[PDB]
Structures are given as C-alpha cells and as structure tokens.
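Please work out how this folds:
(chains A and B)
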Amino acid sequence: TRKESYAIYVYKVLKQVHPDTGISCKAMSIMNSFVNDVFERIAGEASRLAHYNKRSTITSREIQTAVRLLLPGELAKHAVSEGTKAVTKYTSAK
DNA sequence: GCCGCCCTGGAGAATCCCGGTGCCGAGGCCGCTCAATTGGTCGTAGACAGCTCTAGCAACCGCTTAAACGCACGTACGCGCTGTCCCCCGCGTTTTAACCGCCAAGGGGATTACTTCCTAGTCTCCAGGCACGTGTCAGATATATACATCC
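Residues are numbered from 1 along each chain as shown, chains lettered A, B, ... in the order given. Take a look:
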C-alpha cells in the first residue's frame, strides 16, 4: 500500500543543513507530524482569511497573511521572505 | 351715655375624582423580492460481499530480577506565635480633564451596477518520481603469524 509522507523531503532538507547527520524513525514521524500540523494551521487560517474577505480563492497573499498571523515574530519575517522569492523564482519559470 | 373687647355663624376659595381627547410603543397589514421549495435527471459515494493476512485477547505457564513495600530512625521543615515597622487605606481639599455638544472640509469605505479578461478548473495523455527490492562495494573489526626482548 502506497502511504504518502514527507519522509524523503525532510531527509533531503536534513542533508542540506547537516550532510553527515542521520535521523531515527521516531524523529521522522515527529517531523511528519510537525509538517502536517503546520500545513493544516496555515491552510485553515488562509481558508478563514478567504472566507472573511468574501473571496472564493486562496492565493499567495492569503498564505502570506496566515504566515504573518501564525508564525511568531522573526520566524515569520524570514519565512515571508523565504516564500516570496520562491514565488518570484516560480514567476521566473512558470 | 359712649367706646372698646370676646364669642360664634355662613359664604368664598383650594383639592380630589371622573370623563373627553391627544401622543408613544408595539402589532397587524401590505408590498417588494430573493432565496427556499418542487420536480426531474443523472452520476457516483458508499453499502455490501468476498478473500487474505496480521494484530489483539482471554486465560494459563515458567523464569528472572529489579522495583515496590514495610519498617525504623532522625532531622529538617511546616506551622504557629510574637514583635515591629512601614506602607497602604481612608478622608479632606484642590485641580483637571473626561464628557458632551460644536464647527470645517475632506478622504475611506460600504453598497449598487456594469464591463472585461486572466486565471484556475476540467479533461486527456504521458512520463518520471517515489516506493520497494536487490547486487555490489569500500570502511570497520577481529585474528594469524613473524620479530625484538626480559628473566
């Protein structure tokens, strides 16, 4: 049975930040739970933001506002940067 | 004989009650009006059945061993009492700014209606990324055997 997860992406991000460090299966379960929880929080806040403004679509502005609302302080400030240029790079390609 | 002082009766004005009439809050009625209802059609979500494989469960075993438990002692700490002093509370007096009512113009933003176009949903086809399994390979580890040496 094909069970989807964020395992390989968390592993390759780990190899970016720590190329000689491994990880255990329980820590990967915790990382998968963290990514799913943060995805659910940001998507729910963006859904509420689209509902309050009478908009039928979720754009990058809603995700940016949800990140500013949920992420505390400087963690938002870099992440709002880290999303934006990625969107810009996507605009440079697609 | 004339003048001043005390006692008692009926008429004029203030107040309570009732009836006619006008004004505030709320409900019935009417008109618009848009969203719920009804009727029909169709696609698919989910119920049902079937087979396979793995986890759980009730009740028992046996062994090990570390945790739990009971007890004695001792001493450290919770708690009560007392003093003290200091800081917060109550009150009187003076200030002061909140609050309410006012300009004066201008912009922000909520609606209503309208136009337009870009972008995201949908569909079809395809291919490569992800998941799983395996052959192979270099680093780590353990020992076999030969050489220098102390007693």
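
Tell me how many other residues surround residue A:65.
17 (other CB atoms under 10 Å). C-beta coordinates here come from the backbone N, C-alpha and C atoms, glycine included.

So for the strand or helix carrying it, what gets flagged as buried?
Using DSSP states H and E, residue A:65 falls within helix A:60-70. Using 16 or more other CB atoms under 10 Å as the test for burial, helix A:60-70 gives A:62-67, A:70.

Filter the residues you listed to keep only those in contact with DNA strand B.
Contacts with DNA strand B are made by none of the buried residues of helix A:60-70, judged by CB under 7 Å from any atom of the strand.

Distance to residue A:22 for the residues you listed - can I get that in CSV?
Listed next are the buried residues of helix A:60-70 as CSV, based on distance: CB to CB, whole Å:
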residue, distance to residue A:22
A:62, 37
A:63, 32
A:64, 35
A:65, 37
A:66, 33
A:67, 30
A:70, 30
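
ok, those vs residue A:26, which is closest?
Using CB to CB, residue A:70 is the member of the buried residues of helix A:60-70 that lies nearest residue A:26, at 25.8 Å.

Would you enumerate the residues in contact with the closest one?
A:41-42, A:45, A:76 (CB atoms under 8 Å, 6 or more residues apart in numbering).

for DNA strand B, what are the nearby residues on chain A?
Going by CB under 7 Å from any atom of the strand, the residues of chain A near DNA strand B are A:2-5, A:7-9, A:57, A:59.

Filter those residues down to just the buried residues.
In the residues of chain A next to DNA strand B, nothing passes as buried (16+ other CB under 10 Å).

Now, those residues that are in strands?
If you go by DSSP state E, those have nothing in strands.

Return the subset of those lying in helices.
A:7-9 (DSSP state H).
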